[PDB]
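Just one chain follows, in the form deposited in one PDB entry, and it is written as structure tokens.
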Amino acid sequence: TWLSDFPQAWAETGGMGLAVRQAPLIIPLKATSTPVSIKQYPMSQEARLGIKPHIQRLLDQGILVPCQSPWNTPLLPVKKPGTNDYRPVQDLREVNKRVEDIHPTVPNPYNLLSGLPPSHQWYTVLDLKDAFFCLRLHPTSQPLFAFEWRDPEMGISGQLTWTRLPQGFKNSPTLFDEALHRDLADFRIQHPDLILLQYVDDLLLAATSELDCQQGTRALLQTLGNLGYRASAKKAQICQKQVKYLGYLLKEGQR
């Protein structure tokens, strides 16, 4: 009955997240960078029709906003299965080349897992939903990620850009991991007996007994929801002794 205990913490009930304690992110550019504006490649109606609903949802949620910017990168129509449905995938490579590099602080899954003590057998795995979108972008950095969006049927002006940390941006993973580490620091101090591994949006809480787990989990959920993040209730693996995290299978603490 976890769903009914933490509506704010779940994506299926708390709505879109927004990390209220995190200041809007400023993205520093390299010393020699100037705006790059690559024109939108013509897109078929089929792809444009597939992509449309996603953009509208994003504008509605305010994750995307109209803007005029000297920066512009191409939106790409992508779909995984055969026919499948199209989804927007922005080509931010030229933006990435002009953005100052930051130290990669996210540890590889292998090393991250070696920090799990044999005693802690009870697990809980959460996957934050739309993690990056929870992080805001400073208005000064927003123009950087603009792209063209023309609707052949009464098309909104021309460009749109993100008000949240975007997908495709080389530093998003690291910036999200660090921001979340800042927000979960207090939680860590309040529960020294718990083991929490963070891999960007993939979380693993390891306790010692079904009790500490249910108590630590409720605390973690309550903390996450309170901060503005949202977990997938669907893929949630709560208080178990065998979970699937970062590809590995943690049974009796072996993998």
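Whichever C-alpha set is largest while still superposing within 1.5 Å between the two forms counts as the rigid core. All residue numbers refer to positions in the sequence shown, first residue = 1.
Undergrad: Could you tell me whether residue 158 lacks coordinates in at least a third of the other compared entries whose models cover its neighbours on both sides?
TA: Across the other compared entries, residue 158 is absent from none.
Undergrad: Coordinates for residue 140 lacking in at least a third of the other PDB entries compared?
TA: That residue is present in all of the other compared entries.
Undergrad: Identify the stretch, either 8 to 16 or 21 to 29, whose C-alpha atoms have the larger mean B-factor according to the entry.
TA: Per the PDB entry, the higher value belongs to 8 to 16.
Undergrad: Comparing 221 to 229 with 188 to 196, where is the mean C-alpha B-factor higher?
TA: Averaging CA B-factors over each stretch, the winner is 188 to 196.
Undergrad: Between 203, 63, 55, 206, which carries the biggest CA temperature factor in the record?
TA: Of the options given, 206 has the highest CA B-factor in the PDB entry.
Undergrad: From the list 72, 90, 174, 114, select the residue with the highest C-alpha B factor recorded in the entry.
TA: Among 72, 90, 174, 114, the highest C-alpha B-factor in the entry belongs to 114.
Undergrad: Going by the entry, which third of its chain does the Cα temperature factor of residue 216 land in?
TA: Highest third of the chain for residue 216's C-alpha B-factor.
Undergrad: Compare the C-alpha B factor of residue 80 with those of the other modelled residues in its chain, then answer lowest, middle or highest third.
TA: It belongs to the highest third of the chain when residues are ordered by C-alpha B-factor.
Undergrad: How does residue 95 rank on Cα B-factor within its chain, lowest, middle or highest third?
TA: CA B-factor rank for residue 95: lowest third.
Undergrad: Quick one: classify residue 156 as lowest, middle or highest third of the chain based on its Cα B-factor.
TA: According to the entry, residue 156 has a C-alpha B-factor in the chain's highest third.
Undergrad: Going by the entry, which third of its chain does the Cα temperature factor of residue 139 land in?
TA: Lowest third, going by the recorded CA B-factors of the chain.
There is another form of this protein, the form deposited in another entry, and it is not shown here; the text below is about that form.
Undergrad: Align both forms on the core first, then report whether residue 139 has a C-alpha shift of 2 Å or more between the shown form and the other one.
TA: No: residue 139 shifts by under 2 Å between the shown form and the other one.
Undergrad: Does residue 85 show a Cα shift reaching 2 Å between the shown form and the other one after rigid-core superposition?
TA: After core superposition, the C-alpha of residue 85 moves 2 Å or more between the shown form and the other one.
Undergrad: Superposing on the rigid core, do we see a C-alpha displacement of 2 Å or more at residue 105 between the shown form and the other one?
TA: True for residue 105: a C-alpha shift of 2 Å or more.
Undergrad: Looking in the other entry, are the Cα atoms of residue 170 and residue 107 closer together or farther apart than here, the change being 3 Å or more?
TA: Their C-alpha distance grows by at least 3 Å in the other entry.
Undergrad: Looking in the other entry, decide if the C-alpha atoms of residue 54 and residue 83 are closer or farther than in the form shown; they differ by 3 Å or more.
TA: Compared with this form, residue 54 and residue 83 lie closer in the other entry.
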